[PDB]
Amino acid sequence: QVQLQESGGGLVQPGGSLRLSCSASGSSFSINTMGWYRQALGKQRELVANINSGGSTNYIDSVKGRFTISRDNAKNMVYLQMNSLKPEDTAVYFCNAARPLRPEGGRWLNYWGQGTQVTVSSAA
């Protein structure tokens, strides 16, 4: 059973930096496509960044060049480095694990963490 636990969220000043972490359980970690998604209040969940087993990454255009996704396969960890944070980055951030059952042409299963709040605010 793949299970995800995010941490590192909270209040952050606009223009600041923040690193989110997620611990993943299960044996399939290194083959999974790991990702970060975010849901602004009242809105849909949206890709932030992801990274497949081979290390290919995709970023949503609004965070490209400010954010970086990385994985530590030995520790079963995913990370999101955030820079130049803006008010529109305020959202609940979820870690995602897309798990393949075949290297090609297979079923994939979709797992989610519970999310961590990031609030980009000058009250931080």
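Heads up: residue numbers just count along the shown sequence, starting at 1.
In this entry, 19 to 27 shows the higher mean Cα temperature factor of the pair 19 to 27 and 111 to 119. Between 33 to 41 and 95 to 103, the higher mean Cα B-factor belongs to 95 to 103. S84 sits in the highest third of its chain by CA B factor, as recorded in the PDB entry. For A74, the recorded CA B-factor ranks within the highest third of the chain. Only modelled residues enter the ranking.
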